[PDB]
Each structure stands twice: as structure tokens, then as C-alpha cells.
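Peer 1: Take a look at this one; I'll ask things after.
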Amino acid sequence: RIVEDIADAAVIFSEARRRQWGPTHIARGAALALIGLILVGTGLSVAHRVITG
Amino acid sequence: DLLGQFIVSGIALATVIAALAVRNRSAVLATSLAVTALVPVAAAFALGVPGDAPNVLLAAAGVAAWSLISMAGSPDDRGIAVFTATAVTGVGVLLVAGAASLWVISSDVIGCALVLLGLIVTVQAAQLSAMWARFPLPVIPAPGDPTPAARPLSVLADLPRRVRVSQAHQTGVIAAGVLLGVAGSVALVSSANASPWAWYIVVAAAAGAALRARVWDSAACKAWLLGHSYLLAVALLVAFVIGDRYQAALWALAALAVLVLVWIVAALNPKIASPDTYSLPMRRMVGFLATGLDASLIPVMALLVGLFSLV
Amino acid sequence: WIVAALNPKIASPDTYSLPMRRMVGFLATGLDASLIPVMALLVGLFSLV
Amino acid sequence: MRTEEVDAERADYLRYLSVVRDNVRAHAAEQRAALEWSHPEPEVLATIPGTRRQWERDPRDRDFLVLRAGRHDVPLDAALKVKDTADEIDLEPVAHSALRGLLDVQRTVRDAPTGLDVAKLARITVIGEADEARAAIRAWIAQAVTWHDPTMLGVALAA
Amino acid sequence: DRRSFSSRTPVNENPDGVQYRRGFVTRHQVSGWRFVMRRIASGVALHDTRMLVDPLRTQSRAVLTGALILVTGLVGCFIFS
Amino acid sequence: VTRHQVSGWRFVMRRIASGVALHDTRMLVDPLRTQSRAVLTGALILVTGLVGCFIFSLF
Amino acid sequence: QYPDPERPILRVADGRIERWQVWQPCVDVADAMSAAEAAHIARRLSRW
């Protein structure tokens, strides 16, 4: 296709993106947050001992 | 000794030329080499400056130059957000480091400068991208008779490439925005038992980020935005432990726990992350709130840095 | 003068933005506007009243 | 009466324009669909002599004795007429610019199956290299004979 | 009513019909440019350009208001001395 | 003399000026006018701060 | 004498069929057939 109105020419040629936020990126966000939390708590106590008592 | 710098210089020059040489055949190895090429260059142009900051300045200039000259000489993509973000953050840190090096700085003005630069770049992110994409600028005519020519079909056949490049640039710009928006906000509160206006500033900037993420639509951009509070929390945590305090660290963990709790209760509950099920007045109030936050930011920043006190 | 002599795209006001050549207007309005009160300072008229 | 209102009106007109562009693109889709249906590429015609579409061309149909030769820009037979009634009144710049930039690129279909009709030619004379000619000749002559009843049109040769 | 004269412009068909070369951005042109660049810049962040509510300009004018109130308080306490 | 009669006069004796320095009489936008009020207002900022500082000693 | 649209003149370029008017390519990608292809066409069609 050929479009000249740059407004549509951007709101049309950016749909090869599956960009929909939707209720599925929320899952990976929650999961990786949880994983980081667990690891950082453990490593926090790790360094807490490798540097103090 | 010096040999630690001769090695860096040689490796970095070799990588520069090799990444400039394989562009034509691979176009995929080329960009990986280009990305890794800016870790040694900054080492050589900073440690190469003898001293302790009067040295980060040249490193920032080097990464900015390398990023800029590699992004332009590139195909459609893979010059992804990584390059533009390095470029913007290098330019900002160079601007701030010059003032820090040639003059004296309270080591708090630094935090003010960085949070300001981050807020500025984030707020004016889109326009800057549309600039860097080099769109076909409008042709607004006078009410006389300079009846202009229609755009040739060539530039209209080249447009889908520019659109993707625009999306990429704007993601990268937001990335560097949050990256600096935390790179200062951590150098602020962590120093040694500072003023509560710093507390309100960091929480205001975090809420301003997390409230901007209702604007954009590219998922990666929204993720970068929402993640600023999280990255801030973890950076404070490690700066505390290395700061040798061991008291509010567990408080940072408490905060991070609330963050992941709200994340979870939002995750398996597709009735709170749904803007439709809410009310119009609440939408309007959230908007007014997001306006009020970043409105209030700059005056309270000036108060905190103390320029109402010089006068 | 030289870089604008042998390079006929900097001395043609058509190839700039619309809002960039806009502000140059503001700049050229402020500069001559401030010029009279600044003279009052230098001459030291304010040290008489 | 300051810039806000005129900008609102600008935005409204541009939205209307987007709608019209979508509609005319649908019309162009119909047109290219039909023209591809009735003059397929000179390889599919190997499969046509079998199925029930071989003598599917009749003297009442809009495509009759039309011989395809290639692809180029067909001018979109639909109308696209605006009802301009002004005596050189000055129209808003940022709207008129958009409409003008529309009425020139969405008026001609992109590469579409052309038509070398022979119902009103009575003589064709090609010029140029030997077999490049006999190519297009054999091409449209087969495309002609394949669609129309052998009891309706005749061909003659001398070589 | 007041019998207004809507702006008009015909042709020329003579010698003085292609001699002016005067580049001067009129108010309308700068308004139009502002609007176009704020309808593109809202087509790569919102992914719809019906332009009913623009929050980007809202953000930018908010930070501007912060700056202006900053300078206002600055001088209003500079007069304090 | 109504204002329309004077609102007219200053307009024609500006359309003439744009005539001989700008070489176009469309008068869509005229920097010469800006040139006038700019240097003009820098006189006012003087005269007011003149008054505002004369009154400053009046405490 | 400005050839009539009927009984016209046609020149065959590499992929053009350029009409004769005063060069108005009139086709930008031409449809060309091969000999053996037409042979197989005739063969198939002689059946019904």
C-alpha cells in the first residue's frame, strides 16, 4: 500500500507489532518481579554474612 | 600500571575497525560487535585520563560519538534502543560532568541535574524521535500562490522503514530517560541522612513515571516506565548495604515486597488492570494528579537544592 | 562569511524549520529592547534617584 | 475564537478525510479483484481449458474481445468528484493540503492487469525485435482464443 | 449584518504575477506547523490520531508551569530583599 | 475625527513604509512594527522602574 | 499524423510495450509468452 497522510502512515505501518499490552504481559512482569525478590533477599543475607555477623 | 590502558586502547581500536568492516557481509555480527564496542572505548577514554570527575567526561564523549556514528550507518533495525540510550545518557552525563569537573558542586546539585534531565527527556520523547526519523516535513503554503509540488512516489515508498525506526528511537529515548531519572535519584537520598524534600522528590518522580505509563502504547515502553520504582528500590538496597548501614535495607525489601504484592494481585485479577470497569471521574482525578505531581516537582527541587537560600 | 559563501544552503532562509526561524525573531526582538534600560544603568541614572 | 477552536475543526476534517480514503480504497480493491479475475497471468491459463470457465466470455459482457498484455496504472474508473463552489476563496492551508495530496495518489490504481482491447482497433502493428514481438503476439492470441467460443472468433496466420 | 469580506485571491495573467520572493512565516503557518507536529508526535505514542484529548502537550505544559511558578517565586522573594 | 478616521491613517502610513523597505504590500506580517514596539517598550520598563524606585525611597 | 487510437503503433522494449505518441510507455511490465508454453496450451485445449 501507499499512504501519504503521515498520521495514518504511522498508525498503519506500526501494526506489525502485536503491541497489545493485554492480560498477558502482566504475567511475565509479576513472575520476574517475584524471582528477583527471592534472589535478592537471599543474596542480601549472603552479603550480610560475608561482610558482617 | 599503564599496560592496563595500552591493552584497552588496542582492543578497542581493533573492535572499532572490525565492527566497521563486517557491516557489509553479516549485518548481524556487525551490530553485536558495535554494541560491545562501547564498553572498552569508555574505559580507555576515562582510565586513560590520569586521576580519580575529570575523567568520565571523555568517556561520555567517546560513547556518544561511537553510538551516533554507528546508529546512522545502519540498516532499518538492530540499531535498537541500546544505541540511542547510550547516546542520550552519555550526552546528559557529559553535560553534568563538565560542570562537576571545571567547577565545584555540592554533590547534591548532581542529583537535581540528573532528575531534571531525565524528566525533560522523558516528557519530550516522541517529538525527538519524529525528528530523528527524518519524516517528510509538512509543506504548509502561504495564502499567496506558492502552490507546491506533490511528494514524489519515491519518498512515499520509503515510509514503512522510517516508521519502525521511529518506534525504536522512542523506546530507546524513554529507556535513557528512566535510566538517568534513577541514576541521580540514587545519588541523592543515599548519601548520608539527607533532607525530607529528597524523600518527596524521589517518590514524586517514581509516581510520575508510574503515572506516565498510561500514555504510551508500545509494551516495551510501558514496561520500562513501570520498572523505575523497582530498579530504584534495588539500587537503594545495594547502596545501603555497601553504605554499611544494614537498617533500612530490610525496609527497601519491605517496599519491594509491597511492589510485588500489588503486581501479583494485579496479575491473577483481570478486573483491576481494566480501565473500562472504572469511573470517568476517577480517570479525570488520576489525570489531574499526574499533572500536579510533575508540576510541583521543579519548585520543590529548587527549594531543596537551596537557591531560595542564596537570596 | 566563508562557510556561508561557498555553501549556498546556510544563507537561504528556506531550509530551516518553521519554529527555529521563529525564535530568531524573538532573539532579535529582545536584544534591541533591553538596550535602553541597560544604558540607564551604565550611565548611572539610578544612582541619582 | 482563538487557535484552540480552529485546531479542533482541523482535526475533525482530517478524520472525515481518513474515512473517505478508506472507502475509496475498498473500491480500488473491488476493481483490482475483478481485473485479476478476468485476465489471469499467462501461466494460469494452462489450467483453464479444463474447468467450466473456458468459454466464459460472451458478447454481452463488459470484458469482450479484450486482450491482456501486462501490468501498469489503471486510472480507477470511479469518479472522485468534489463539489467546489468557490470563486477563489482562501481555504484553510492544513486541510486543503491534505485533500490535494489525497486526490492525486488515491486516484490511480497501482500495477493492474492492463487491457489491449481489439473490439475497436481493426489493425495492430508491432515494431521491434523478432521474437520479443511473437511473444506478446502468441501471448494475447492464446489469451483471446482461450476465453471465447471457437464458434465466435477466427484467426489466420502466414509465415 | 456588518457585511464582512471573506479573504479572496484570483490570478494575474500579466508580467507582475510571479515576482515577490518574500519569505515571512505568517501566524497561520506557525499555528499549522505546531498542530501538524503535535498530530504526528501523537501518532507514534498513542497509536491513534483522532486528536480528541492530547496528554503529551499536557505533560509538557505542566513542566512549563512548574518552571514559570519557579521563576515567579524566585523574584517574589528577591523583592523580599 | 472618529477613531476609524485615525485607525485608518496610521494603517496607510504603515502600508507605505512596508512598501519601500520590504517590497511587498500584502502586509500579512510586518517586522517593522515589531521593530517599533520593541525599542518602544524598553523605554517603558525604564520609566516604570524609574517610578518604582523613586517610590522605593518613599518609605 | 498523430496516430489514431485505432490502428496504432506499438514498440516492444525489454519489459515495456511503448506506444507511439509524438514516449508514454503504456505498459511498465509486459506479459511475454514462450513458444513451448503456447505449444502445450494448444495441446491441452484441443481436447474439448
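Peer 1: List the trypsin sites (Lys or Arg not before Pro) within the stretch B:241-298 that DSSP assigns to loop and that have no more than 12 neighbouring Cβ atoms inside 10 Å. Show your work: numbers first, answer last.
Peer 2: Working: sites: B:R245, B:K271, B:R283, B:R284; in loops: B:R245, B:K271.
Taking the stretch B:241-298 and a limit of 12 other Cβ atoms within 10 Å, the loop trypsin sites (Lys or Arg not before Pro) found are B:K271.
Peer 1: For the stretch D:1-152, state the semi-axes of the equivalent ellipsoid (square roots of 5 times the eigenvalues of the alpha-carbon gyration tensor), sorted largest first and rounded to whole angstrom. The partial results should precede the final answer.
Peer 2: Numbers: eigenvalues 410, 59, 38 Å².
With the √(5λ) rule applied to the stretch D:1-152, the semi-axes are 45, 17, 14 Å.
Peer 1: List the residues whose amide H sits under 5 Å from the amide H of D:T114, counting only those 5 or more places along or on another chain, with H placed 1.01 Å from N in the peptide plane.
Peer 2: D:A69, D:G70, D:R71, D:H72
Peer 1: Once you mark the trypsin sites (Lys or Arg not before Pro) that are in a DSSP loop and have at most 16 other Cβ atoms within 10 Å, what is the longest gap between them in chain D?
Peer 2: Working: sites that count: D:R2, D:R52, D:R53, D:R60, D:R62, D:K81, D:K83, D:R107, D:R110, D:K120, D:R123.
Within chain D, the longest run free of exposed trypsin sites (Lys or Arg not before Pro) spans D:3-51.
Peer 1: Taking one equal scatterer on every alpha-carbon of chain A, how large is log10 of I(q)/I(0) by Debye at q = 0.28 1/Å?
Peer 2: Here the Debye-derived log intensity ratios amount to -1.00.
Peer 1: Could you tell me which residue out of D:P93, D:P75, D:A11 lies farthest along the dipole of chain D toward its positive end? Charges go on the beta carbon: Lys and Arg +1, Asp and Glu -1, centred on the Cα centre.
Peer 2: Towards the positive end, the residue furthest out is D:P75.
Peer 1: Okay, next question. Over all directions, the average projected area of the alpha-carbon convex hull for chain F comes to how many nm²? Could you put the intermediate results ahead of the total?
Peer 2: Details: hull surface 24.6 nm².
Here the figure is 6.2 nm², rounded to one decimal.
Peer 1: Right, next: Would you kindly give the portion of the calculated P(r) for chain B that falls above 36 Å, as a percent of all Cα pairs? Let's see the in-between values first.
Peer 2: Details: 14746 of 48205 pairs.
Result: 31 percent of Cα pairs exceed 36 Å.
Peer 1: Counting only other chains, what is the mean number of Cβ atoms within 10 angstrom of the Cβ of each residue in peptide D:43-51?
Peer 2: Numbers: counts 2, 0, 5, 6, 1, 3, 8, 4, 0.
Across the residues of D:43-51, the mean count of other-chain Cβ atoms within 10 Å is 3.
Peer 1: Something else: How big is D for the protein assembly as shown, in µm² s⁻¹ as a whole number, if Stokes-Einstein is applied with the Kirkwood radius of its Cα pairs at 25 °C and 0.890 mPa s? Before the final figure, lay out each step's value.
Peer 2: Numbers: Rh = 33.3 Å.
Translational D for this selection: 74 µm²/s.
Peer 1: Inside 10 Å of the C-beta atoms of A:15-27, what's the mean count of C-beta atoms belonging to other chains? Intermediate values should be presented prior to the final figure.
Peer 2: Numbers: counts 2, 3, 7, 1, 9, 2, 8, 3, 7, 1, 4, 8, 2.
Average per residue, whole number: 4.
Peer 1: Now for a different question. Based on Cβ point charges of +1 for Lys and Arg and -1 for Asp and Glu, what charge dipole magnitude is obtained for the stretch F:1-57 about its Cα centre, in debye rounded to the nearest 20?
Peer 2: Its charge dipole is roughly 180 debye.
Peer 1: For the stretch B:202-208, what does the Karplus curve 6.51 cos²θ - 1.76 cosθ + 1.60, with θ = phi - 60°, yield as ³J(HN,Hα) per residue in whole Hz, taken in order and with x for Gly and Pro?
Peer 2: Karplus-based 3J(HN,Hα) across the stretch B:202-208 equals 5, 5, 5, 5, 5, 5, x Hz.
Peer 1: What's the average, rounded to a whole number, of partner chain beta-carbon atoms within 10 Å of each residue's beta-carbon in B:118-125?
Peer 2: Working: counts 0, 3, 2, 0, 2, 7, 5, 5.
The shielding value for this peptide is 3.
Read the figures in this text as sums done on the coordinates, not as results from a lab. Neighbour counts run over all protein chains shown; Cβ positions are idealised from the backbone, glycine included.
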